[PDB]
Every structure is written in structure tokens, then in C-alpha cells.
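J.: Structure provided below as C-alpha cells; questions to follow.
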Amino acid sequence: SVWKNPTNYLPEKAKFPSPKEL
Amino acid sequence: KXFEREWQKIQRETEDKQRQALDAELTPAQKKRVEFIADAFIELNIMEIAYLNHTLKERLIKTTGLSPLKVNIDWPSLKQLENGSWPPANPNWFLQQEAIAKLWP
Amino acid sequence: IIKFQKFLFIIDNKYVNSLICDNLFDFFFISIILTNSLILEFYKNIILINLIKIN
Amino acid sequence: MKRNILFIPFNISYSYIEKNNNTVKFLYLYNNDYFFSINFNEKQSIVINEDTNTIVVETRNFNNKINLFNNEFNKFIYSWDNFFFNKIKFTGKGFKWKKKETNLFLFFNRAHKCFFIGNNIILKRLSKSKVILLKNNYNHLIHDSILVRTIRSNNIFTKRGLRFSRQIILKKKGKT
Amino acid sequence: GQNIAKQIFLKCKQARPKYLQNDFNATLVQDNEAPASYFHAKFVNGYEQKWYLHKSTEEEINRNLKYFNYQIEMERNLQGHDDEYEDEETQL
């Protein structure tokens, strides 16, 4: 009903290609 | 007159200007307000519950104020209030319950 | 206007939403049940007065 | 106050540790391959965000070296499973190169040989007038990239010669 | 977390279109259902993220954007694309 900070909201975080992959 | 003095504390002490979203929940602050009202509505003789129900339909038709939450001019059902005050007034109401009283089985 | 956008909508600067009721049962509910709750106690207590005489 | 900022990449995951005594404070970075720790004095206060993988610092000690402490710390972590990159160009008539297995052959109007030989770099040609270098340390790269530059650089009169792909270029009129 | 997103929406449209893509469309929505106000974004080569804003700053966000924009160059240059600007655009 008022601003309470969330607890479990974090999205995935994009993984970049590794130099072996590239 | 001891009620007006006591009341003005509790509205102050529950002035919380945080923006809100109308939900089932309520603050502990708001509950001190509600709980003070119920303490005053319980301890009243039946001659007074009669009167309060008469006050409201003198105060609700006046409706000095606009809001989609509180009392409102654009509130639809105000016009009926002039006609009916208590369901005990309608003698038809007295038919329904005794009629329904025999329909339970 | 071509170069304005909206930022938020709130009611009396504090309420985001507003339910729409068509009915006033909520106000008088406390006023009714207190009659229908107390009047029974008379119906159950007046009897206990007469029984003292009758017994 | 200047509140310096410590970036952390996304591949990395970290933890923060303290004593019961609360007189020691340190921090632990940990990846599939590596792991790394570093402490904070009693006079450095800290703030963390998982929202951004950024950490904020205040310093009651007022040490100005921290601004260098950042760039080392920041780049030392992005040095894990990521490259640094750079690109080189040229514009001219009698200019060329040839590329053979990280051994770049330069011919820019000079009597002597001009071989460039890369120890532990990557070099891949994209066109005649363009080549990229890649390496994990930024400081070896520039020493590797600038040697190519010193053979010919931009004339201040004409943009003929070599140059980086991002740079401040100078120009001056000539022969109107 | 409101006002931080106010300013970003300006820099997406109040800013100059040369230094943006052609198909750049920024929006704004009021989502009461969210946990926190967010800045969702989508890049060229596939990347996509979200950053909630009830705790962060405008400066902590930009270094994330650099952490992407610095790499997309390393991805697109390898493809042969010149994503760079002419030298004559801004002098000192």
C-alpha cells in the first residue's frame, strides 16, 4: 500500500561471448 | 465535547502523506484512527444508533465534496436516501424475513 | 499538444487507484447489526426476568 | 565529495565479509577461473547495488591515489574473459601491407624493412586499409599499436598516412 | 525512481537523431504493478536488459551502457561495419 523495497525481482543479466567461443 | 478534542490528535498522528494504492492492506497508523471510531460506536445506547442512522442521510445528501473514493455528488444512489431511512420503516421489509424465515427448510 | 507527455495519474495527490462502488451498504452496516444484535439480548434477558417470578 | 564508482562485470560474482570485531572489512571476487580479494580501511565506507554491479566509495582519508586505484581495479576485472580492441587505418598511394600469421609487413616509402611481429596478440585483417588488434591488456596494446603509427603518421597538411580509427587529428592548409 | 526515468526519456528524444539509430522509438508507461520503476532497453546485435531505478543514480547507469557500447564495436567492427563518425563533425 506504500513504497516497500522489493526482495526478489532481479532479472537475468546478459552473458557475453567468451574469447574461446569467438 | 471530549470527543472532538481527542479526535484531532489521531488524525494528526496519522497524517502520513505517502502516496498510496488502494488495497486490502492498511498502515498501523490508519488502524489507530479506525479503532478509535469503533470504540465510540460500540458504547452507545440504542436510542443513539437510531439517531446516527438519521444523521447520515442528512449528511450524505449534502455531500460537500467530490471524490471517486469518499462521498460524492456524482455518487449515483443518493436520491433514494430521502425516501427510505431505516429498513424497519418499510413494512414490506417485515414481510421478507418472516417469509424467508419459513423458507430455510 | 505535440510535445508534451504524461508522467503519472493520482487522485488528491495521494491515491493511485479508485474502486467504483454503486452501493451504500457499507456505511449503515454497522448501524443496522447493532440493533439486530442488541434487540436479541433483550429478547433473551427479558425472559430471565419473568422466570424469576414464575419460578 | 567525489564518490568514486567501482564497476563489476556480469560474469563476476562477489561477496563481502567482516569480523565479529568489525575492525576488518574485505571483499571477495570469484569467477569460474579466477578469484581475487581486497580490503577497505576503517575510514572507507561502501555502498553496493546488484541493480548495476557498481560499488560506491567515500574516503575520510582524502587520498587522491584512489582515482588510479579504480582504473586498475576496473580494467583488471574486465581483463577476465574479455578483450580490449583497437583499429588502424591508412590513406595513400604507394602504401600497402601484407599479413601472415600475426606478422604484418609494411611498405610505406622506406628503404629499410618494417616488419611488425606480435607476441601474444591477435591481428585480423578486414580490408587493405584496415586492421584490428586484440589483447587482454590495454597497456601492451598501445605499445603494440603505436609502433605501427610511428612509421608514418598523419601529415598536418593532408590526412595521408596512418592513424588510429578514433583520435584527435590535426589539419593545416597548404597550396590553396 | 520516477524522476531518474523522467530525465532519461528526454535524452532519448530531446537529444539529437544523428547519434541515434533510425528505428529508435522510446516510450513511457505507468505500471503500478511493477516492483520498481524500470529502464528496459534493446541493442542492435541482440542484447537486452532491464535496470530498476528505486536505488540507483544516472551515473551508475551510464557505465553499464558503456559496458555494452564498448563491446558492440568489438562485434560490429569484426563484421566490417564502420560505426564511427567523420572527423569534421565536432572540433574543439
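Within each chain, counting starts at residue 1; across the C-alpha cells, chains are named A, B, ... in the order shown, with ligands numbered 1 upward in that order.
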Write out as a PyMOL selection string all residues of chain C that backbone DSSP assigns to helix (DSSP H, G or I).
T.: chain C and resi 25-54
J.: Which residues of chain A are close to chain E, meaning at most 8 Å apart when you count only C-alpha atoms, and how do they look as a count of residues only?
T.: 7
J.: Among stretch 29-120 of chain D, which ones does DSSP assign to strand (DSSP E or B) (computed from the backbone)? Answer as JSON, numbers by chain.
T.: {"D": [29, 30, 35, 36, 37, 38, 39, 44, 45, 46, 47, 48, 49, 54, 55, 56, 57, 58, 59, 84, 85, 86, 87, 88, 89, 90, 91, 95, 96, 97, 98, 99, 103, 104, 105, 106, 107, 108, 115, 116, 117]}
J.: Show me, as JSON lines, the residues of chain E having an atom within 8 Å of chain C, each with the closest atom pair and its distance in Å, using only C-alpha atoms.
T.:
{"residue": "E:6", "atom": "CA", "partner": "C:7", "partner_atom": "CA", "distance": 7.9}
{"residue": "E:28", "atom": "CA", "partner": "C:7", "partner_atom": "CA", "distance": 8.0}
{"residue": "E:30", "atom": "CA", "partner": "C:8", "partner_atom": "CA", "distance": 6.4}
J.: Limited to N, CA and C atoms, could you put the picked residues into a file as a short mmCIF file (atom, residue, chain, number, x, y, z; two decimals), in the first residue's frame?
T.:
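Below you can see part_2.cif, which holds the result:
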data_model
loop_
_atom_site.label_atom_id
_atom_site.label_comp_id
_atom_site.auth_asym_id
_atom_site.auth_seq_id
_atom_site.Cartn_x
_atom_site.Cartn_y
_atom_site.Cartn_z
N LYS E 6 12.37 10.06 -15.75
CA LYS E 6 11.94 11.25 -16.46
C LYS E 6 13.06 11.79 -17.32
N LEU E 28 6.92 5.64 -22.77
CA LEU E 28 6.78 5.78 -21.34
C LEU E 28 5.43 5.19 -20.97
N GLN E 30 3.04 4.02 -17.32
CA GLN E 30 2.83 3.95 -15.88
C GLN E 30 2.34 2.55 -15.56
#
J.: Please determine the contact residues of chain B with respect to chain C at a cut-off of 8 Å, counting only C-alpha atoms, and supply them as a PyMOL selection string.
T.: chain B and resi 17-22+46+49-50+52-53+68-69+75-77
J.: Find the residues in chain D near chain A: any atom within 12 Å counts, using only C-alpha atoms. Write them as a list in words.
T.: residues 9, 10, 11, 12, 13, 49, 50, 51, 52, 53, 78, 79, 80, 81, 82, 83, 84, 122, 134, 135 and 136 of chain D
J.: Could you write those residues out with C-alpha atoms, as a CSV table (one decimal), in the first residue's frame?
T.:
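The result, written out as again.csv:
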chain,number,residue,atom,x,y,z
D,9,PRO,CA,31.1,-7.0,-14.9
D,10,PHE,CA,28.2,-9.5,-15.1
D,11,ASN,CA,30.2,-12.7,-15.4
D,12,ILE,CA,31.7,-12.0,-11.9
D,13,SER,CA,30.1,-12.7,-8.6
D,49,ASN,CA,24.0,-2.3,-5.9
D,50,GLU,CA,23.1,-5.6,-7.5
D,51,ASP,CA,20.9,-3.5,-9.8
D,52,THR,CA,24.1,-2.2,-11.6
D,53,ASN,CA,27.0,-4.2,-10.3
D,78,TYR,CA,37.2,-6.7,-17.4
D,79,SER,CA,40.5,-8.3,-18.3
D,80,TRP,CA,38.9,-11.7,-17.5
D,81,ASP,CA,37.1,-13.3,-20.4
D,82,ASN,CA,37.0,-10.1,-22.5
D,83,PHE,CA,39.4,-8.4,-24.9
D,84,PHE,CA,40.4,-4.8,-25.5
D,122,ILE,CA,45.5,-11.2,-32.2
D,134,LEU,CA,43.0,-7.5,-29.9
D,135,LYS,CA,44.6,-8.3,-26.5
D,136,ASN,CA,43.6,-8.6,-22.9
J.: Could you pull the residues within 8 Å of stretch 79-88 of chain B, counting only C-alpha atoms, minus those fewer than 6 positions along the same chain, as a ChimeraX atom specification?
T.: /B:53-54,57,61,94
J.: Keeping only N, CA and C atoms, write those residues as a tab-separated table (two decimals), in the first residue's frame.
T.:
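Done, and the output landed in again_21.tsv:
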chain	number	residue	atom	x	y	z
B	53	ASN	N	-28.16	6.75	12.31
B	53	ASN	CA	-28.69	6.37	11.01
B	53	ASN	C	-29.53	7.49	10.41
B	54	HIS	N	-30.13	8.33	11.25
B	54	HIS	CA	-30.82	9.52	10.74
B	54	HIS	C	-29.86	10.65	10.39
B	57	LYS	N	-28.08	10.24	6.54
B	57	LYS	CA	-28.89	10.62	5.40
B	57	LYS	C	-29.33	12.07	5.45
B	61	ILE	N	-26.69	13.48	1.69
B	61	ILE	CA	-27.31	14.23	0.61
B	61	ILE	C	-26.66	15.60	0.47
B	94	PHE	N	-40.63	-6.14	6.71
B	94	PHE	CA	-41.08	-7.05	7.75
B	94	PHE	C	-41.70	-8.31	7.18
J.: Please identify all polymer residues within 12 Å of residue E:76, counting only C-alpha atoms, omitting same-chain residues fewer than 6 positions from it, and present them as a PyMOL selection string.
T.: (chain D and resi 85+126+132) or (chain E and resi 44-45+69-70+82-84)
J.: Please provide as a VMD selection string all residues within 6 Å of stretch 18-27 of chain D, with the sequence filter that same-chain residues fewer than 6 positions apart are discarded (counting only C-alpha atoms).
T.: chain D and resid 37 to 40
J.: What is the distance, in Å and to one decimal place, between atom CA of residue D:171 and atom CA of residue D:157?
T.: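 Atom CA of residue D:171 sits 5.5 Å away from atom CA of residue D:157.
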